[PDB]
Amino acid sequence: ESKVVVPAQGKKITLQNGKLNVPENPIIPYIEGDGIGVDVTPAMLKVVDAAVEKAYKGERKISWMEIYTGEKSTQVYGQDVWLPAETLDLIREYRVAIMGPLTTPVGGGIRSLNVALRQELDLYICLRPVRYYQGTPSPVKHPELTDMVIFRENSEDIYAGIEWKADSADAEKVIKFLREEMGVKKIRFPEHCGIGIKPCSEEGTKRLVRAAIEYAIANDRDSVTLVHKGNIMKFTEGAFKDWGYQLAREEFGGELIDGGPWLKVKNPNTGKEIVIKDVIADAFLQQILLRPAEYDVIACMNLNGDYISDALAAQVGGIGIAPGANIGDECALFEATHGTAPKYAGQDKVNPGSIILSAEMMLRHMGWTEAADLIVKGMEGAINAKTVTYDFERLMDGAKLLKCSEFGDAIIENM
């Protein structure tokens, strides 16, 4: 028995040959989110409606439709309903959706609801753009040199949750198989030993890298860097790097730069040379601090992407305003990237920036670039104005302290 209400006014977005067809009255499912979701989601709804209204002078309007996942889903659908089947069906059916932060419970053997959503809908691209907003307090000297776009592989890697607990019958069984059937000698302590599996496939790697390159082409970016720990994990991380370079050669006319290993790919629209290169992951966490300007589009595996995105967000003072998308071939789910921060929930206190900027990515994904531009513009103005939420204000002098909802208004005020 669904508790979802389809808006009476409103039409579903359609997908016609890899191309979204967005009506002027699209229905957008949204998940409020747990904890501070109660604060940031309404700020996002208001800010989005304003930008859309201003951009198209009332010709277009989103019909928001609440759907459920997480703690609130249990309150709505009952006890063990953390992720209702219909939520998966609805996101797929309506093609574009957005969500606040989710609470995954502990003690019940439930795995990350965020990851569940990504894997279940096969949203194989985790897209995390990272730029600096002038006026943001940052811990680094030159945050303005950071302008990157992370394509993080979302469907494979150790992140896929294949593992067995130490001393479990399964763990014992897997370890037996490995030592006796596979002749594995390098397990240091085979007893009381947990075991995880890290898969990385040619198809998985290539759909991710294909998207990263298409994005560099579509947006006239300077380069795509394959980031990997291939010198230690040759057949997963190293294979990802090799497949990445290969895809570039096979589908995009990638050709050797000097002695290699870097390649150049010609932008078929602008004729610009896009550099395809690679950096070992540990060095890369150094290079983003020391030479951020040399990096643009990044393509990498699941776990590394997680680390890199977070490291970048912190460096530009954007820990609380980092936008993110999960994109597959059939639908897309945009998200607040921070946690539920239950301590502040309901206080109208936290920064709605992250979910607002994810909504910006959503609008842009929908082809409503004018409205998306107004959000970027509003965000830039409000931050420049030093009219900000506590998390920014406490790090600045002469800022005006705004509530969550008030920061929403300040964004609108600057549109």
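One rule holds for the numbers: they count along the sequence shown, beginning at 1.
Legend: mean Cα B-factor per stretch from the PDB entry, 173-181 versus 112-120; the higher mean is in 173-181. Averaged over their C-alpha atoms, the temperature factors of 132-140 and 164-172 are higher for 164-172.
Of the candidates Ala283, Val76, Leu290, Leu312, it is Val76 whose Cα B-factor is highest according to the PDB record. Note on the listed residues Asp147, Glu153, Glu202, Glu255: the highest Cα temperature factor in the record is that of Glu255. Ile327: CA B factor in the lowest third of modelled residues in this chain (values from the PDB entry). Per-chain ranking of the deposited C-alpha B factor places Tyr344 in the highest third. The deposited CA B-factor of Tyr159 belongs to the highest third of values across its chain. Split the chain's modelled residues into thirds by C-alpha temperature factor. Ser354 is in the lowest one. Looking at the C-alpha B-factors along this chain, the one for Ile217 belongs to the middle third.
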